[PDB]
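Coming up is one lone chain in structure tokens, specifically the form deposited in one PDB entry.
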């Protein structure tokens, strides 16, 4: 702590008693000069003395200064002080809500000027931002409709500020906001993602990411408001601060059913995801793969469209060479594709074509047990495709079984039989028993109690030689 900070706190403690007496004067100017000093110390860019101001007893006074009858200069200074107390911890925000401030903020939305409207909508964002409890209380005193009508303003800083506040009102999942109040905001936010103000864009996107993070009826309401096509367009915005909330909202939509998913596909989301796989920022690449995995969990057509978009090769590259955070998402995408791909085998053949098999087995050795199971399940589907393809063509061999051995991947599957987790073990066993059965036959007589080993590892190499000369 700087010398200025220490000497500031020395000053304030010595000069707070007069400030408290000055804000209590009958002279309206005294009230105002005192309220300005309280606002200035609370506007301190670093370490506002919020708690010192609270225990001085003046928060009820400042809330009264927001009254109907009070001069606008005073309502604004007091609301700005109260805004900053409310930006602090939850306990500091409670002194403001318990003194009655929230209904007076809401009043200022009607009667204040553009500057008063800005301040009161900002304070309400700090209150709503604090907790689900305060967010709902703000909604419970009917803030929504006066907030919406502020968007027929054209002051940019006012719309910028109410957009941020709007996002705190939609934000939260346990519990969620009341849907019949926050849904009213969707026609406004649908227009706000066409703003040219970047900060307005950002908060509009976040607010839509929160509203779409809900059940089917929430996702449908977002599709009905014709929001998805512009969200997909913003996936190509040049700033990641827009990319991120937009990607998140699109990801939420594809947690829906196949109708929800097909909407974002028809507006071109697969092309956007492709180019987000090369984002310089790792959480974008991670979020993109997660999104894609929600799509490859859909229809064979929607799998086919993922393939048509040339998303298979980039997904393999990441699964091979990306940080574990992303590898685990790339594996979910390929494993979901493997699953639904059973009904159109050619999807699995193209995937095996592109070399998915070795990166799948490579990750069995470094993955947590959830990803091991998704990974085993992908290889199992690949083996399943191989076996029905084998019977169809009369083959003597499962060609995918052969590809999984030739990539080193079978001992890795075999070795996941040594897993504490019974699910893993039972799954790994059934893959070996079904497509690599020779690996479970002991090396000699099996009735003398001698060693049981997988027909010992130093097996002969190659079994077919061509005649070169």
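Positions refer to the first chain, counted from 1. By rigid core we mean the largest C-alpha set that fits within 1.5 Å across both forms.
The form deposited in another entry exists for this protein as well; it is not shown, and the discussion that follows is about that form.
_C-alpha displacement of 2 Å or more between the shown form and the other one on the rigid core, among 302, 165, 398, 188_ = So the only displaced C-alpha belongs to 398.
*Determine, after fitting the two forms on their core, whether residue 341 shows a C-alpha shift of 2 Å or more between the shown form and the other one.*
Where the cores coincide, residue 341 still shows a C-alpha shift between the shown form and the other one that is 2 Å or more.
*So with the core overlaid, does the Cα of residue 380 end up 2 Å or more away between the shown form and the other one?*
Moves: yes, 2 Å or greater.
*Once you line up the core, how about residue 428: does its CA shift reach 2 Å between the shown form and the other one?*
For residue 428, whose C-alpha is compared between the shown form and the other one after core superposition, the shift is 2 Å or more.
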